[PDB]
Ligand SMILES: CCCCCCCCCCCCCCCCCCCC
């Protein structure tokens with residue numbers, strides 16, 4: 001169980017790093033799919049089967065429309081990759097790299113300072129998540145439905161051609 | 001049996017990688033991709049937090065996190081389509097006429 | 559020597575300091591989004607470091 | 001624990017705003033009629049405002065694992081409902097000139113009012129996060145409502161990207177806090193504690212980053228003049244009033260109900276953020292020629308003053324009423340100023364010497380400019396006096412010195428705008451008249467509660483939550 | 006127990022043999038059979054005449070609005086996935102919450118249908134008259 005979690009975590013880290021430092025949009029989307037598959041594998045190793053199930057179910061459709069928009073605008077041959085290459089320079093990425101590194105080491109210092117007892121890996125079924133979702137957490141569900149409705153209304157209002 | 005610290009460190013690494021892709025990348029689509037990476041990393045940290053305590057609260061917070069992720073992705077995708085329609089490029093540094 | 563009112567200029571010094579500080583701070587509002595995200599990250603690092611040192 | 005009918009009695013504004021959201025949706029889908037859906041939104045908001053009376057007659061109850069309703073939630077719900085009503089009233093004459101559809105504006109305003117009410121009633125981390133996002137997303141829609149205009153699209157893109165980043169920061173800090181404590185309730189943060200542990204402190208710092216973005220706090224304040232200028236003027240009114248009121252109310256609920264507020268490090272970093280916010284927001288508006296960016300820096304400074312009033316909450320018991328009085332005065336002054344701006348920007352096509368063609372709007376604008384400066388005979392002075400008393404009581408001398416310096420700088424630029432209203436420059447419809455009446459009652463309320471502030475003190479002190 | 010590790014091993018062997026079989030037939034297809042040489046072999050197929058431009062042009066999909074609605078409706082679907090597995094223990098009150106949820110879902114769907122969204126077909130292709 002440790003092996004699957006650690007291999008999926010390493011794959012997720014590598015695929016995210018390849019995502020943020022790539023010029024090809026379709027290859028970046030493929031590595032993003034790989035990273036989210038690895039994230040769902042991490043979820044499955046921790047016993048949260050529903051979390052990994054929703055990570056593959058709803059993000060396969062999310063990156064699908066990302067592919068649709070990439071085909072819609074970004075694909076132009078080598079010109080788009082060449083234009084994306086000029087925006088990335090050694091100073092340009094070395095600027096915020098040390099900021100991300102110092103933030104990461106501060107958060108790691110924070111993480112290591114807490115007590116630990118180990119994750120037992122006991123599976124949590126979708127039945128318990130459904131009971132808690134429609135039980136103690138009513139208003140989260142209802143106002144999340146209203147939030148998604150609001151986002152849908154915003155998408156309709158902005159995304160019209162004419 | 002699996003340490004909580006390693007899962008939180010993994011989530012932190014993914015979060016700072018998403019922020020690196022948010023800052024250093026100039027095309028708006030990669031900023032939205034990096035935003036998706038941070039929201040997935042925060043959701044992942046919530047699932048590790050819920051799995052350490054053996055509660056469904058982390059999974060419910062993950063559900064809310066990805067509902068927000070989907071809604072913000074649709075809104076940002078519509079805004080990016082508007083930007084590409086009325087500018088014909090996805091340079092985010094040209095959005096600077098409002099200053100001072 | 560005193561007809562220029564030196565005490566008035568001495569007390570008008572912090573008005574000049576306020577104007578200079580405001581004009582210096584207005585240079586940070588260049589209007590770039592990536593700079594805004596970088597400044598948010600900088601502020602997060604700063605507040606986290608201040609919480610760790612105390 | 002289950003839901004009792006008394007819980008839905010206490011849930012009246014949320015249910016009414018959701019019902020009128022659905023009703024406005026169905027009326028828009030039936031036929032695109034601007035006046036009908038506008039009247040429906042105003043009717044629903046007024047119905048929630050008068051259902052606040054039945055909520056008060058019900059009592060204070062912990063309605064959910066999520067929500068808690070008391071006088072605190074009642075007062076902030078009333079403030080955000082008044083802000084939403086004024087936003088609709090200012091928006092209708094502006095929307096009369098919109099060539100595109102004018103019906104989604106009121107739907108987004110109603111959904112954002114629902115998010116503000118849920119933020120006012122929040123007693124859980126999940127409720128706090130959902131309320132923040134439910135404030136932010138209709139603001140993404142409303143800021144970029146006139147996407148044909150370049151600046152509105154600029155502000156929409158900037159606000160969306162920055163607020164998604166801040167939501168990610170806040171959610172990661174939330175996850176770290178939940179990993180530390182194990183309960184997401186507002187009363188169980190650190191109950192197992197030796198109150199200073201690095202994971203809980205880092206989580207609260209990241210939530211501080213997110214909320215300080217949402218409260219225009221330094222150094223997460225750079226979006227405020229840009230988003231305020233780019234957005235439409237009723238959207239600027241709503242973002243200045245309702246979002247700030249709701250997010251600061253839930254911030255005070257979190258920092259009062261949790262035992263983490265007793266920690267010295269969070270108080271120290273909040274004092275640093277408040278000092279920087281006051282000085283930076285006042286200094287940045289010295290040479291501002293545009294009224295929207297000036298009011299954005301004004302919002303930064305006033306949220307810094309609110310931060311000073313919030314820092315001393317653990318020591319003195321009079322900080323909460325100070326924040327309530329300051330937020331009422333700030334709401335009225337911002338409503339008046341942004342309403343004058345909106346009425347000057349209406350109808351939508353695409362302030363020097365304003366007294367010589369529009370004298371009543373100039374009078375309202377100069378009254379609100381006097382009020383925002385903390386000058387007596389106005390409500391902003393009463394709020395500044397409360398903030399100064401709270402800072403003096405808990406011995407925060409750097410903060411009150413910063414308040415005095417920032418008040419002097421605000422005096423300079425506010426009074427510059429006030430005299431520029433009266434220098435020499437080189445409608446006809448009852449909705450515009452309704453907006454003029456709204457800003458006139460705002461100015462009259464500011465003047466009357468500056469002369470005689472005691473009824474507002476009584477109403478604010480009667481809005482007393484569980485100590 | 007023993008059944009669980011047996012099932013895990015069976016699933017792992019299923020994955021490994023499936024991927025290895027796909028790779029093996031790909032390798033066998035690539036290695037067997039002689040190659041062909043032609044002047045126009047490495048040209049995209051466009052019914053026998055050279056292309057105008059290339060196939061890497063940007064193509065305006067008309068259903069992008071439906072796509073960014075599809076993400077939202079997929080999230081509503083995941084909420085109903087979570088509800089539907091625990092209907093009996095949720096009780097009638099949970100049925101009331103889900104009824105309100107689904108009523109808001111159809112209200113949004115009727116709103117999308119009526120305002121002209123979910124309709125991207127051209128005027129000549131609307132089958133009028
Ligand atoms: C054309 C405009 C381009 C704007 C790019 C902005 C890039 C910002 C990079 C910031 C890097 C900071 C590294 C750490 C500095 C020291 C710590 C913070 C300040 C105290």
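Chains as they are written, first to last, in the deposited numbering: chain J, 1 to 162; chain K, 1 to 100; chain L, 559 to 612; chain N, 1 to 193, 197 to 353, 362 to 437, 445 to 485; chain A, 6 to 134.
Every residue gets a Cβ at the ideal spot worked out from N, C-alpha and C, and that includes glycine.
Residue burial is scored here from C-beta neighbours: residue 99 of chain A has at least 16 other C-beta atoms within 10 angstroms and is therefore classed as buried. Along the segment 58-92 of chain A, the positions whose C-beta sits under 7 Å from a C-beta of chain J are 59, 61, 63, 64, 65, 66, 69, 70, 72, 73, 74, 75, 76, 77, 79, 80, 81, 83, 84, 87, 88, 90 and 91, read in chain order.
Close to residue 159 of chain J, with beta-carbon spacing below 8 Å, are these residues of chain K in chain order: 77, 78, 81 and 82.
Pairwise C-beta distances place the segment 372-385 of chain N in contact with the segment 333-347 of chain N, as three or more of them are shorter than 8 Å.
DSSP places residue 97 of chain K in no alpha helix (DSSP H); its state is neither H nor E. At a cut-off of 6 Å, the beta-carbon of residue 99 of chain J counts as near ligand 1: some heavy atom of the ligand is closer than that. Not flagged as an interface residue toward chain N: residue 30 of chain K, since no C-beta distance is shorter than 7 Å. In the structure shown, residue 253 of chain N adopts helical secondary structure according to DSSP, grouped into three states. Residues of the segment 17-32 of chain J whose Cβ lies closer than 8 Å to any Cβ of chain L: none. Secondary structure of residue 482 of chain N (DSSP, three-state): coil.
For residue 31 of chain J, the enclosing alpha helix (DSSP H) stretches over residues 25-45.
Interface criterion met: the Cβ of residue 596 of chain L is under 7 Å from a Cβ in chain K. At a threshold of 6 Å, residue 592 of chain L counts as near ligand 1, since its beta carbon sits closer than that to one of the ligand's heavy atoms.
Sixteen is the threshold: since fewer than 16 other Cβ atoms of the shown chains lie within 10 Å of the Cβ of residue 27 of chain A, the residue is exposed. With a 10 Å radius around the Cβ and a threshold of 16 neighbouring Cβ atoms, residue 30 of chain N comes out exposed. The C-beta separation of residue 17 of chain N from residue 137 of chain N comes to about 15 Å, leaving the pair out of contact by the 8 Å criterion. Within chain L, the C-beta atoms nearer than 8 Å to that of residue 99 of chain K come from 587, 588 and 589, in chain order. One thing to note: residue 483 of chain N has its Cβ within 7 Å of the Cβ of residue 70 of chain N. Taking CB atoms only, residue 99 of chain J has a neighbour in chain L less than 7 Å away.
For residue 152 of chain N, the enclosing alpha helix (DSSP H) covers residues 150-181. If you check the C-beta of residue 596 of chain L against ligand 1, you find a heavy atom less than 6 Å away. Residue pairing of residue 69 of chain N in beta bridges, as defined by DSSP: N/61. The beta carbon of residue 66 of chain J sits closer than 7 Å to those of 29, all from its chain and outside the five residues before and after it, given in chain order. Cα atoms of residue 53 of chain J and residue 15 of chain K: separation of roughly 21 Å, rounded to the nearest angstrom. Residue 208 of chain N has its CB no nearer than 6 Å to any heavy atom of ligand 1. Annotation for residue 566 of chain L: the continuous alpha helix (DSSP H) segment containing it runs 564-583. Between residue 23 of chain K and chain J, the shortest Cβ-Cβ separation is below 7 Å. For the segment 29-52 of chain K, the set of positions with a beta-carbon nearer than 9 Å to some beta-carbon of chain L reads 31 in chain order. Residue contact check for residue 141 of chain J against chain N: no CB pair falls below 7 Å. Residues of the segment 561-577 of chain L with a C-beta atom less than 8 Å from some C-beta of chain N are 576 and 577, listed in chain order. Per DSSP, residue 8 of chain A is one residue of the alpha helix (DSSP H) stretching across 7-36.
Taking the beta carbon of residue 60 of chain K as reference, the chain J residues within 8 Å of it are 129, 132, 133, 137 and 140, listed in sequence order. For the options N/166, N/74, N/351 and N/277, the alpha carbon positioned closest to that of residue 97 of chain N is the one of N/351. Any Cβ of chain A closer than 7 Å to the Cβ of residue 94 of chain K would place that residue at the interface, and such an atom is absent.
Rounded to the nearest whole angstrom, the C-alpha separation of residue 9 of chain J and residue 60 of chain K is 22 Å.
From the listed residues L/581, L/559 and L/611, the smallest Cα separation to residue 291 of chain N is found for L/581.
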